[PDB]
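Chemist: Sharing query24.csv below, CSV, C-alpha atoms:
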chain,number,residue,atom,x,y,z
A,90,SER,CA,0.0,0.0,0.0
A,91,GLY,CA,1.2,3.5,0.9
A,92,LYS,CA,1.7,2.8,4.6
A,93,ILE,CA,2.6,0.2,7.1
A,94,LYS,CA,0.0,-1.0,9.7
A,95,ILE,CA,1.4,-1.5,13.2
A,96,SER,CA,-0.2,-2.8,16.3
A,97,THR,CA,1.3,-1.8,19.7
A,98,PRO,CA,0.6,-2.5,23.4
A,99,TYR,CA,-1.3,0.2,25.1
A,100,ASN,CA,0.8,1.4,28.0
A,101,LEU,CA,4.4,0.8,26.9
A,102,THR,CA,4.2,2.6,23.6
A,103,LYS,CA,5.5,6.1,24.7
A,104,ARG,CA,8.7,5.1,26.4
A,105,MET,CA,10.0,1.8,24.8
A,106,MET,CA,8.4,1.8,21.3
A,107,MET,CA,8.8,5.5,20.4
A,108,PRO,CA,12.6,6.0,20.4
A,109,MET,CA,12.7,3.1,18.0
A,110,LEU,CA,10.1,4.6,15.7
A,111,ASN,CA,11.4,8.2,16.1
A,112,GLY,CA,14.8,7.0,14.9
A,113,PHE,CA,13.3,4.8,12.2
A,114,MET,CA,11.1,7.5,10.5
A,115,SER,CA,14.2,9.7,10.7
A,116,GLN,CA,16.0,7.1,8.6
A,117,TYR,CA,13.3,6.7,5.9
A,118,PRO,CA,11.3,9.9,5.2
A,119,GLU,CA,9.4,8.1,2.4
A,120,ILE,CA,7.7,5.5,4.6
A,121,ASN,CA,4.4,6.2,6.3
A,122,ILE,CA,3.6,4.6,9.7
A,123,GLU,CA,0.1,4.0,11.1
A,124,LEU,CA,0.1,3.0,14.7
A,125,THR,CA,-2.7,1.5,16.8
A,126,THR,CA,-2.7,1.0,20.5
A,127,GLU,CA,-4.5,-2.2,21.7
A,128,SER,CA,-5.5,-3.8,25.0
A,129,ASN,CA,-6.2,-7.4,24.0
A,130,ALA,CA,-4.1,-8.6,21.1
A,131,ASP,CA,-5.9,-11.9,21.2
A,132,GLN,CA,-8.7,-10.5,19.1
A,133,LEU,CA,-6.4,-9.5,16.3
A,134,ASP,CA,-5.4,-11.5,13.3
A,135,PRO,CA,-2.2,-11.1,11.3
A,136,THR,CA,-3.3,-10.3,7.7
A,137,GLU,CA,-4.9,-7.0,8.7
A,138,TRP,CA,-1.6,-5.6,10.1
A,139,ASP,CA,2.0,-5.6,8.7
A,140,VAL,CA,3.7,-6.2,12.0
A,141,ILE,CA,2.3,-6.7,15.5
A,142,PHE,CA,4.0,-5.8,18.7
A,143,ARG,CA,2.6,-7.5,21.8
A,144,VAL,CA,3.2,-8.6,25.4
A,145,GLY,CA,2.9,-12.3,25.6
A,146,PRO,CA,2.8,-15.3,23.2
A,147,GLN,CA,0.5,-15.7,20.2
A,148,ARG,CA,-1.6,-18.8,21.0
A,151,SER,CA,1.7,-19.4,12.0
A,152,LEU,CA,3.6,-16.2,12.8
A,153,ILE,CA,7.2,-15.2,13.6
A,154,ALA,CA,7.7,-14.4,17.3
A,155,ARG,CA,10.8,-12.5,18.3
A,156,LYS,CA,11.6,-10.9,21.7
A,157,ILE,CA,12.9,-7.3,21.5
A,158,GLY,CA,12.7,-6.4,25.2
A,159,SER,CA,11.2,-7.1,28.6
A,160,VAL,CA,9.7,-5.5,31.7
A,161,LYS,CA,9.6,-6.3,35.4
A,162,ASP,CA,6.9,-4.9,37.6
A,163,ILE,CA,7.5,-3.1,40.9
A,164,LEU,CA,5.3,-1.9,43.7
A,165,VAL,CA,5.3,1.9,44.3
A,166,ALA,CA,3.5,4.6,46.3
A,167,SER,CA,4.1,8.3,46.8
A,168,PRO,CA,6.2,9.6,49.7
A,169,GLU,CA,3.1,11.3,50.8
A,170,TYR,CA,1.4,7.9,51.2
A,171,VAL,CA,4.2,6.1,53.1
A,172,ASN,CA,4.3,9.0,55.6
A,173,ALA,CA,0.6,8.6,56.4
A,174,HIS,CA,0.4,4.9,57.4
A,175,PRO,CA,2.6,2.1,58.8
A,176,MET,CA,3.7,0.4,55.6
A,177,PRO,CA,3.3,-3.3,54.9
A,178,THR,CA,6.2,-5.6,55.6
A,179,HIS,CA,4.6,-8.8,54.2
A,180,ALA,CA,2.8,-8.9,50.8
A,181,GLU,CA,-0.4,-10.2,52.5
A,182,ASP,CA,-0.8,-6.9,54.3
A,183,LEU,CA,-1.9,-5.4,51.0
A,184,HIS,CA,-5.5,-6.1,52.0
A,185,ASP,CA,-5.3,-3.3,54.6
A,186,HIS,CA,-4.3,-0.7,52.1
A,187,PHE,CA,-5.6,1.3,49.1
A,188,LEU,CA,-4.5,-0.5,45.9
A,189,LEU,CA,-4.5,1.1,42.4
A,190,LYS,CA,-4.8,-1.5,39.7
A,191,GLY,CA,-4.5,-0.9,35.9
A,192,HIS,CA,-4.9,-3.0,32.8
A,193,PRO,CA,-3.3,-5.4,32.2
A,194,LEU,CA,-2.3,-5.7,35.9
A,195,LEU,CA,-5.6,-6.3,37.6
A,196,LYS,CA,-4.3,-9.5,39.2
A,197,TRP,CA,-1.1,-8.9,41.1
A,198,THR,CA,1.1,-12.0,41.2
A,199,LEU,CA,4.1,-11.3,43.5
A,200,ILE,CA,6.9,-13.6,44.6
A,201,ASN,CA,9.9,-13.0,47.0
A,202,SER,CA,13.1,-15.0,47.5
A,203,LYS,CA,13.1,-18.8,48.0
A,204,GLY,CA,9.7,-19.3,46.4
A,205,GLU,CA,6.9,-17.6,48.3
A,206,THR,CA,4.1,-16.4,46.0
A,207,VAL,CA,1.3,-14.0,46.9
A,208,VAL,CA,-1.7,-13.4,44.7
A,209,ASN,CA,-3.9,-10.3,45.0
A,210,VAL,CA,-7.2,-10.1,43.1
A,211,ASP,CA,-9.0,-7.2,44.8
A,212,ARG,CA,-11.3,-4.2,44.0
A,213,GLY,CA,-8.8,-1.4,44.1
A,214,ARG,CA,-9.7,2.2,45.1
A,215,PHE,CA,-9.1,3.1,41.5
A,216,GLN,CA,-9.1,0.5,38.6
A,217,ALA,CA,-8.6,1.4,35.0
A,218,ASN,CA,-7.8,0.1,31.5
A,219,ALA,CA,-4.7,2.2,31.2
A,220,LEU,CA,-1.6,2.4,33.3
A,221,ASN,CA,-0.3,5.9,32.8
A,222,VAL,CA,-3.5,7.0,34.5
A,223,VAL,CA,-3.1,5.0,37.7
A,224,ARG,CA,0.5,6.2,37.9
A,225,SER,CA,-1.1,9.7,38.1
A,226,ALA,CA,-3.2,8.3,41.0
A,227,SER,CA,-0.3,7.0,43.0
A,228,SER,CA,1.6,10.3,42.5
A,229,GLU,CA,-0.9,12.1,44.6
A,230,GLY,CA,-0.7,9.2,47.1
A,231,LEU,CA,-4.1,7.6,46.9
A,232,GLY,CA,-2.8,4.0,47.1
A,233,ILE,CA,-0.2,1.5,46.1
A,234,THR,CA,0.4,0.5,42.5
A,235,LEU,CA,2.2,-2.4,40.7
A,236,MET,CA,3.6,-0.9,37.5
A,237,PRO,CA,6.3,-1.9,34.9
A,238,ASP,CA,9.9,-0.7,35.4
A,239,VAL,CA,10.1,1.2,32.2
A,240,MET,CA,7.1,3.5,32.9
A,241,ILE,CA,8.1,4.8,36.3
A,242,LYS,CA,11.9,4.6,36.1
A,243,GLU,CA,12.1,8.4,36.0
A,244,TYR,CA,9.3,9.0,38.6
A,245,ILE,CA,10.9,6.8,41.2
A,246,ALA,CA,14.4,8.1,40.5
A,247,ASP,CA,13.4,11.6,41.5
A,248,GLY,CA,11.6,10.9,44.7
A,249,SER,CA,8.2,11.4,43.2
A,250,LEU,CA,7.5,7.7,44.0
A,251,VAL,CA,9.3,5.2,46.2
A,252,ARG,CA,9.7,1.4,45.8
A,253,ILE,CA,8.0,-0.5,48.6
A,254,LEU,CA,8.3,-4.2,49.6
A,255,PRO,CA,11.6,-4.3,47.8
A,256,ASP,CA,12.0,-8.1,48.0
A,257,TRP,CA,8.7,-8.7,46.2
A,258,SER,CA,8.7,-8.7,42.4
A,259,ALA,CA,6.6,-9.9,39.5
A,260,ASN,CA,7.4,-12.5,36.9
A,261,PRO,CA,8.8,-10.5,33.9
A,262,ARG,CA,6.9,-10.1,30.7
A,263,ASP,CA,8.5,-9.9,27.3
A,264,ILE,CA,7.6,-7.9,24.2
A,265,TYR,CA,7.1,-9.9,21.0
A,266,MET,CA,7.0,-8.8,17.4
A,267,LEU,CA,4.8,-10.8,15.0
A,268,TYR,CA,4.6,-10.9,11.2
A,269,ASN,CA,4.1,-13.4,8.4
A,270,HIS,CA,6.9,-15.0,6.4
A,271,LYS,CA,9.0,-12.2,4.8
A,272,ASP,CA,8.5,-13.7,1.3
A,273,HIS,CA,4.9,-12.5,1.6
A,274,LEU,CA,5.4,-8.9,2.6
A,275,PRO,CA,6.5,-5.8,0.5
A,276,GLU,CA,9.9,-4.4,0.6
A,277,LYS,CA,8.9,-1.5,2.9
A,278,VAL,CA,7.9,-3.9,5.7
A,279,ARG,CA,11.2,-5.7,5.6
A,280,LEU,CA,13.3,-2.6,6.4
A,281,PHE,CA,11.2,-1.8,9.5
A,282,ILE,CA,11.5,-5.4,10.8
A,283,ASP,CA,15.3,-5.5,10.5
A,284,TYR,CA,15.7,-2.0,12.0
A,285,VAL,CA,13.8,-3.3,15.1
A,286,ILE,CA,16.2,-6.2,15.4
A,287,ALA,CA,19.1,-3.7,15.0
A,288,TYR,CA,18.2,-2.4,18.5
B,92,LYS,CA,-18.4,1.8,42.5
B,93,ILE,CA,-19.0,4.6,39.9
B,94,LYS,CA,-18.3,3.6,36.3
B,95,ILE,CA,-16.9,6.4,34.1
B,96,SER,CA,-15.8,6.7,30.5
B,97,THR,CA,-13.5,9.4,29.1
B,98,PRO,CA,-11.7,10.3,25.9
B,99,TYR,CA,-8.2,8.9,25.8
B,100,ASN,CA,-6.1,12.0,24.8
B,101,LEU,CA,-7.7,14.6,27.1
B,102,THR,CA,-7.7,12.3,30.1
B,103,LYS,CA,-4.1,13.0,31.3
B,104,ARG,CA,-4.5,16.8,31.7
B,105,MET,CA,-8.2,17.2,32.4
B,106,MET,CA,-10.0,14.2,33.7
B,107,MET,CA,-7.3,13.1,36.1
B,108,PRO,CA,-6.6,16.2,38.3
B,109,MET,CA,-10.4,16.5,38.8
B,110,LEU,CA,-10.8,12.7,39.3
B,111,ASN,CA,-7.8,12.5,41.7
B,112,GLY,CA,-9.2,15.4,43.7
B,113,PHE,CA,-12.5,13.6,44.1
B,114,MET,CA,-11.1,10.4,45.5
B,115,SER,CA,-8.9,12.5,47.7
B,116,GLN,CA,-12.1,13.9,49.2
B,117,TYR,CA,-14.1,10.6,49.2
B,118,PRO,CA,-12.0,7.6,50.2
B,119,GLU,CA,-15.2,5.4,50.4
B,120,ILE,CA,-15.7,5.8,46.6
B,121,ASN,CA,-14.2,3.2,44.3
B,122,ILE,CA,-13.9,4.4,40.7
B,123,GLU,CA,-13.5,2.3,37.5
B,124,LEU,CA,-12.4,4.3,34.5
B,125,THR,CA,-11.9,3.3,30.9
B,126,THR,CA,-10.5,5.6,28.2
B,127,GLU,CA,-11.9,5.4,24.6
B,135,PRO,CA,-24.6,4.5,27.6
B,136,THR,CA,-26.3,2.5,30.4
B,137,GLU,CA,-23.3,0.4,31.2
B,138,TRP,CA,-21.8,3.7,32.4
B,139,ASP,CA,-22.8,6.0,35.3
B,140,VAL,CA,-21.0,9.2,34.0
B,141,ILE,CA,-19.6,9.7,30.6
B,142,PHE,CA,-17.2,12.5,29.7
B,143,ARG,CA,-17.3,13.2,25.9
B,144,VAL,CA,-16.2,15.5,23.2
B,145,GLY,CA,-19.3,16.9,21.4
B,146,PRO,CA,-22.9,17.1,22.5
B,147,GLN,CA,-25.0,14.1,23.4
B,148,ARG,CA,-26.7,11.9,20.8
B,149,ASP,CA,-29.5,10.6,23.0
B,150,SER,CA,-32.4,12.3,24.7
B,151,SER,CA,-31.9,9.7,27.5
B,152,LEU,CA,-28.9,11.7,28.8
B,153,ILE,CA,-28.6,15.2,30.4
B,154,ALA,CA,-25.4,16.9,29.6
B,155,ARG,CA,-23.3,19.6,31.3
B,156,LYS,CA,-20.6,21.5,29.4
B,157,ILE,CA,-17.6,21.5,31.7
B,158,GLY,CA,-14.9,22.8,29.4
B,159,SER,CA,-13.6,23.6,25.9
B,160,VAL,CA,-10.5,22.7,23.9
B,161,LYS,CA,-8.9,24.4,20.8
B,162,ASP,CA,-6.1,22.9,18.8
B,163,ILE,CA,-3.0,24.6,17.4
B,164,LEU,CA,-0.2,23.7,15.0
B,165,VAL,CA,3.1,22.8,16.6
B,166,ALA,CA,6.6,21.6,15.6
B,167,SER,CA,10.0,21.7,17.2
B,168,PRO,CA,12.7,24.4,16.9
B,169,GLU,CA,14.9,21.8,15.2
B,170,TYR,CA,12.2,21.6,12.5
B,171,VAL,CA,11.5,25.3,11.9
B,172,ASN,CA,15.2,26.2,11.7
B,173,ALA,CA,15.8,23.4,9.2
B,174,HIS,CA,13.0,24.2,6.8
B,175,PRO,CA,11.2,27.3,5.5
B,176,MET,CA,8.3,27.8,7.9
B,177,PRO,CA,5.0,27.9,5.9
B,178,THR,CA,3.1,31.2,5.6
B,179,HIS,CA,-0.3,29.9,4.7
B,180,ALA,CA,-2.2,26.7,5.8
B,181,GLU,CA,-2.3,25.6,2.1
B,182,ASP,CA,1.5,25.3,2.3
B,183,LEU,CA,1.2,22.3,4.7
B,184,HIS,CA,1.5,19.9,1.8
B,185,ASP,CA,5.1,20.8,1.1
B,186,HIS,CA,5.8,19.8,4.8
B,187,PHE,CA,5.7,16.7,7.0
B,188,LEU,CA,2.6,16.1,9.0
B,189,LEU,CA,1.9,14.0,12.1
B,190,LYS,CA,-1.7,13.1,12.9
B,191,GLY,CA,-3.5,11.4,15.7
B,192,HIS,CA,-7.2,10.5,16.4
B,193,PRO,CA,-9.6,12.3,16.7
B,194,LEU,CA,-7.9,14.9,14.5
B,195,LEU,CA,-7.0,12.9,11.3
B,196,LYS,CA,-8.3,15.9,9.4
B,197,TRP,CA,-7.5,19.6,10.1
B,198,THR,CA,-10.1,22.3,9.7
B,199,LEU,CA,-8.0,25.3,10.4
B,200,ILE,CA,-9.5,28.8,10.2
B,201,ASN,CA,-7.8,32.2,10.0
B,202,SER,CA,-8.6,35.4,11.8
B,203,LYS,CA,-9.9,36.9,8.6
B,204,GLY,CA,-12.2,33.9,8.1
B,205,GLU,CA,-10.4,31.7,5.6
B,206,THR,CA,-11.0,28.0,6.3
B,207,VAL,CA,-8.5,25.3,5.2
B,208,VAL,CA,-9.0,21.5,5.3
B,209,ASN,CA,-6.0,19.1,5.2
B,210,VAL,CA,-6.7,15.4,4.7
B,211,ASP,CA,-3.2,14.3,3.6
B,212,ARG,CA,-1.7,11.1,4.9
B,213,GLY,CA,0.9,12.0,7.5
B,214,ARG,CA,4.3,10.4,7.8
B,215,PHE,CA,3.1,9.1,11.2
B,216,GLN,CA,-0.6,8.4,12.2
B,217,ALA,CA,-1.9,7.0,15.4
B,218,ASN,CA,-5.1,6.5,17.3
B,219,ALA,CA,-3.6,8.6,20.2
B,220,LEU,CA,-2.1,12.0,20.4
B,221,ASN,CA,0.5,11.7,23.2
B,222,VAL,CA,2.5,9.4,20.8
B,223,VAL,CA,2.1,11.7,17.9
B,224,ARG,CA,3.5,14.6,19.9
B,225,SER,CA,6.4,12.3,20.9
B,226,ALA,CA,7.3,12.2,17.3
B,227,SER,CA,6.8,15.9,17.1
B,228,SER,CA,9.3,16.6,19.8
B,229,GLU,CA,11.9,14.8,17.6
B,230,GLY,CA,11.6,17.5,14.8
B,231,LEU,CA,9.8,15.1,12.5
B,232,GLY,CA,7.0,17.3,11.2
B,233,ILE,CA,4.0,19.5,12.1
B,234,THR,CA,1.2,18.5,14.3
B,235,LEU,CA,-2.3,19.7,15.3
B,236,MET,CA,-2.8,19.2,19.1
B,237,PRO,CA,-5.1,20.5,21.8
B,238,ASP,CA,-3.9,23.5,23.6
B,239,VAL,CA,-4.2,21.7,27.0
B,240,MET,CA,-1.8,18.9,26.0
B,241,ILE,CA,1.1,21.2,25.0
B,242,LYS,CA,1.2,24.2,27.4
B,243,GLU,CA,3.7,22.0,29.1
B,244,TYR,CA,6.2,21.7,26.2
B,245,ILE,CA,5.4,25.0,24.5
B,246,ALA,CA,6.1,27.1,27.6
B,247,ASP,CA,9.6,25.5,27.9
B,248,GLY,CA,11.1,25.3,24.4
B,249,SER,CA,10.2,21.7,23.6
B,250,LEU,CA,7.7,22.6,21.0
B,251,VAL,CA,7.1,25.8,19.0
B,252,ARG,CA,3.8,27.0,17.6
B,253,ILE,CA,3.4,27.2,13.9
B,254,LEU,CA,1.1,29.7,12.1
B,255,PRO,CA,0.1,31.7,15.1
B,256,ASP,CA,-3.4,32.6,13.8
B,257,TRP,CA,-4.4,29.4,12.2
B,258,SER,CA,-6.2,27.1,14.6
B,259,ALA,CA,-9.0,24.7,14.9
B,260,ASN,CA,-12.3,25.8,16.3
B,261,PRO,CA,-13.3,25.0,19.9
B,262,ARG,CA,-14.9,21.6,20.5
B,263,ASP,CA,-16.7,21.5,23.9
B,264,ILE,CA,-16.4,18.9,26.7
B,265,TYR,CA,-19.7,17.6,28.0
B,266,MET,CA,-20.6,15.5,31.0
B,267,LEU,CA,-23.3,12.9,30.3
B,268,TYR,CA,-25.4,11.2,32.9
B,269,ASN,CA,-28.9,9.9,33.5
B,270,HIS,CA,-30.4,12.7,35.6
B,275,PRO,CA,-28.2,7.3,43.2
B,276,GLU,CA,-26.0,8.6,46.0
B,277,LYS,CA,-22.3,8.4,45.1
B,278,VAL,CA,-22.9,9.2,41.4
B,279,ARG,CA,-24.7,12.5,42.3
B,280,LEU,CA,-22.0,13.9,44.6
B,281,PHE,CA,-19.3,13.2,41.9
B,282,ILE,CA,-21.6,15.1,39.5
B,283,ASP,CA,-21.8,17.9,42.0
B,284,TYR,CA,-18.0,17.7,42.4
B,285,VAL,CA,-17.2,18.2,38.7
B,286,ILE,CA,-19.7,21.1,38.3
B,287,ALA,CA,-17.9,22.9,41.1
B,288,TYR,CA,-14.4,22.1,39.8
What would the structure in this file look like if it were written as structure tokens?

Modeler:
Amino acid sequence: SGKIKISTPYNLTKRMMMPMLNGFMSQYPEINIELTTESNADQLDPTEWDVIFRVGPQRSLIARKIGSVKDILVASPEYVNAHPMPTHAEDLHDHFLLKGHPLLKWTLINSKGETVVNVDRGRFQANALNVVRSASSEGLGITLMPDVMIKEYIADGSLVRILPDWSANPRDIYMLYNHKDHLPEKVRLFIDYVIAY
Amino acid sequence: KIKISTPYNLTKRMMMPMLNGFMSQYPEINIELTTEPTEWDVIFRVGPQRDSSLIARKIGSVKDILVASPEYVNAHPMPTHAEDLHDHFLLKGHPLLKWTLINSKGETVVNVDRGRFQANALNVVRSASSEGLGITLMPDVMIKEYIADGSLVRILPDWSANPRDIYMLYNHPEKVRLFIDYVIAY
């Protein structure tokens, strides 16, 4: 066509998928990108998109890992200064929790194999993550959020890591497409530029 | 729990500071929020209601302007008229895939060209605009941050979109009414 059709995860687009595209379009001023942000990539099929970025497997298509994220628990310094903070991950029931898609079910694990699972009704639940980060900045509860999204917020004192020995199983970002012999030349150069990262 | 829908792009700068203040005043209220009419208790929307079932309250307004980076304007001849936007690079994000710019003297221009970068969101389109990759059309609220500190410059200072309004839709309980009273007062 006269464009390439991308799919991209909802929350991690701005920080991990943009420097790659903002350097790609700067290398090819003749290519047009159309980006779409999705919540459930399980309802997508591959022939309607050139390449598909996604967190998780595909349940056919090429599946390559470009990066990964690990999820941390954070709250505002205003929030920790207002209550005695939890020392064991099961004390999360006695706190305000801010959940966001796709992390509505917190699965945490410490050292030597203890797993805690939290499936609650948080004080503020949403389908995006950048918006519950805005909630924990004011200090209205605790949030589990990927490393890449808050790495600047936490590094300034705007948010602090709590329960530092409790982490989440990492999730990896996968890029999907059909066999290269079935896609135009414009799609190939984008694919290999991503792998060049 | 109150169930609320909001437009994606305007949520960061408008819905949140008001939403965050409400839960800060009502800890007993749980809020579920999805960013994009009976499966919702309160719906924030661009444009007037399309259903006599709802009662709307205009709570704000938004006007869009043309922006680029100083790296872009100092590397290209900045255009003089909105018709010159074809000889330039354009970045477009929903719901502004087409630009209906008007001038002070009344001239109206429509641009429906395919941009170098197109997305269903605007935060990601501005991200490409901060890299000096073309000219954008973005709401004033979403860019007072970057304009007022040299990240983005304004292009064609008298060409702009015309104000779309922000309406609050609801169905004329307890918790849902106070939040309605809260936003009116905000």

Chemist: Write down, as a PDB file with C-alpha atoms, in the coordinates of the input, each residue of chain A that has any atom within 8 Å of an atom of chain B, counting all atoms listed in the file.

Modeler:
ATOM      1  CA  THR A 102       4.200   2.600  23.600  1.00  0.00           C
ATOM      2  CA  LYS A 103       5.500   6.100  24.700  1.00  0.00           C
ATOM      3  CA  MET A 107       8.800   5.500  20.400  1.00  0.00           C
ATOM      4  CA  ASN A 111      11.400   8.200  16.100  1.00  0.00           C
ATOM      5  CA  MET A 114      11.100   7.500  10.500  1.00  0.00           C
ATOM      6  CA  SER A 115      14.200   9.700  10.700  1.00  0.00           C
ATOM      7  CA  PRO A 118      11.300   9.900   5.200  1.00  0.00           C
ATOM      8  CA  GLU A 119       9.400   8.100   2.400  1.00  0.00           C
ATOM      9  CA  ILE A 120       7.700   5.500   4.600  1.00  0.00           C
ATOM     10  CA  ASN A 121       4.400   6.200   6.300  1.00  0.00           C
ATOM     11  CA  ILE A 122       3.600   4.600   9.700  1.00  0.00           C
ATOM     12  CA  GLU A 123       0.100   4.000  11.100  1.00  0.00           C
ATOM     13  CA  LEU A 124       0.100   3.000  14.700  1.00  0.00           C
ATOM     14  CA  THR A 125      -2.700   1.500  16.800  1.00  0.00           C
ATOM     15  CA  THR A 126      -2.700   1.000  20.500  1.00  0.00           C
ATOM     16  CA  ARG A 212     -11.300  -4.200  44.000  1.00  0.00           C
ATOM     17  CA  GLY A 213      -8.800  -1.400  44.100  1.00  0.00           C
ATOM     18  CA  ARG A 214      -9.700   2.200  45.100  1.00  0.00           C
ATOM     19  CA  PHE A 215      -9.100   3.100  41.500  1.00  0.00           C
ATOM     20  CA  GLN A 216      -9.100   0.500  38.600  1.00  0.00           C
ATOM     21  CA  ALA A 217      -8.600   1.400  35.000  1.00  0.00           C
ATOM     22  CA  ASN A 218      -7.800   0.100  31.500  1.00  0.00           C
ATOM     23  CA  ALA A 219      -4.700   2.200  31.200  1.00  0.00           C
ATOM     24  CA  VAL A 222      -3.500   7.000  34.500  1.00  0.00           C
ATOM     25  CA  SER A 225      -1.100   9.700  38.100  1.00  0.00           C
ATOM     26  CA  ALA A 226      -3.200   8.300  41.000  1.00  0.00           C
ATOM     27  CA  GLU A 229      -0.900  12.100  44.600  1.00  0.00           C
ATOM     28  CA  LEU A 231      -4.100   7.600  46.900  1.00  0.00           C
TER      29      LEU A 231
END

Chemist: Please, what distance in Å, to one decimal, runs between atom CA of residue 145 of chain A and atom CA of residue 239 of chain A?

Modeler: 16.7 Å

Chemist: Would you compute the distance between atom CA of residue 141 of chain B and atom CA of residue 267 of chain B? Give it in Å to one decimal.

Modeler: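 It comes out at 4.9 Å.
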
Chemist: Taking into account only C-alpha atoms, which residue in the set A:153, A:285, A:274, A:180 is nearest to residue 105 of chain A?

Modeler: A:285

Chemist: Residue 168 of chain B: which residues within 12 Å, counting only C-alpha atoms, same-chain residues fewer than 6 positions away excluded, as an MDAnalysis selection string?

Modeler: chainID B and resid 174:176 227:233 244:245 247:253

Chemist: Please identify all polymer residues within 9 Å of residue 211 of chain A, counting all atoms listed in the file, omitting same-chain residues fewer than 4 positions from it, and present them as a ChimeraX atom specification.

Modeler: /A:184,188,190,195-197

Chemist: Please, which residues are within 9 Å of (-2.2, 23.9, 6.6) by the file's coordinates, counting only C-alpha atoms, and could they come as a ChimeraX atom specification?

Modeler: /B:164,177,179-184,197-199,207-209,254,257

Chemist: Measuring between all atoms listed in the file, which one of B:282, B:246, B:171, B:240 shows the shortest distance to residue 154 of chain B?

Modeler: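 Closest residue, counting all atoms listed in the file: B:282.
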
Chemist: Just to confirm, what's the straight-line distance from atom CA of residue 284 of chain B to atom CA of residue 113 of chain B in Å (one decimal)?

Modeler: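 Computing the Euclidean distance for atom CA of residue 284 of chain B and atom CA of residue 113 of chain B yields 7.1 Å.
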
Chemist: With N, CA and C atoms as the goal, would you fill in the gaps in segment 127-148 of chain B and present it as a CSV table (one decimal), keeping the file's coordinate frame?

Modeler:
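Wrote part31.csv, looks like this:
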chain,number,residue,atom,x,y,z
B,127,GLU,N,-11.5,5.8,26.0
B,127,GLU,CA,-11.9,5.4,24.6
B,127,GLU,C,-11.1,6.0,23.5
B,135,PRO,N,-24.4,3.4,26.8
B,135,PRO,CA,-24.6,4.5,27.6
B,135,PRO,C,-25.3,4.2,28.9
B,136,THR,N,-25.8,3.0,29.1
B,136,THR,CA,-26.3,2.5,30.4
B,136,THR,C,-25.3,1.7,31.2
B,137,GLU,N,-24.4,1.1,30.5
B,137,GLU,CA,-23.3,0.4,31.2
B,137,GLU,C,-22.3,1.4,31.8
B,138,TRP,N,-22.6,2.7,31.8
B,138,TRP,CA,-21.8,3.7,32.4
B,138,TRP,C,-22.6,4.6,33.3
B,139,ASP,N,-22.0,5.1,34.4
B,139,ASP,CA,-22.8,6.0,35.3
B,139,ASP,C,-22.6,7.5,34.9
B,140,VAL,N,-21.4,7.8,34.5
B,140,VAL,CA,-21.0,9.2,34.0
B,140,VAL,C,-20.1,9.1,32.9
B,141,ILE,N,-20.4,9.8,31.8
B,141,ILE,CA,-19.6,9.7,30.6
B,141,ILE,C,-19.1,11.1,30.2
B,142,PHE,N,-17.8,11.3,30.2
B,142,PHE,CA,-17.2,12.5,29.7
B,142,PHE,C,-16.9,12.4,28.2
B,143,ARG,N,-17.3,13.4,27.4
B,143,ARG,CA,-17.3,13.2,25.9
B,143,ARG,C,-17.0,14.5,25.2
B,144,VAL,N,-16.4,14.4,24.1
B,144,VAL,CA,-16.2,15.5,23.2
B,144,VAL,C,-17.4,15.6,22.2
B,145,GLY,N,-18.1,16.7,22.2
B,145,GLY,CA,-19.3,16.9,21.4
B,145,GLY,C,-20.5,16.6,22.2
B,146,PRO,N,-21.6,17.2,21.7
B,146,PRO,CA,-22.9,17.1,22.5
B,146,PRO,C,-23.5,15.7,22.4
B,147,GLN,N,-24.4,15.4,23.3
B,147,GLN,CA,-25.0,14.1,23.4
B,147,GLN,C,-25.8,13.8,22.1
B,148,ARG,N,-25.9,12.5,21.9
B,148,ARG,CA,-26.7,11.9,20.8
B,148,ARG,C,-27.8,11.1,21.2
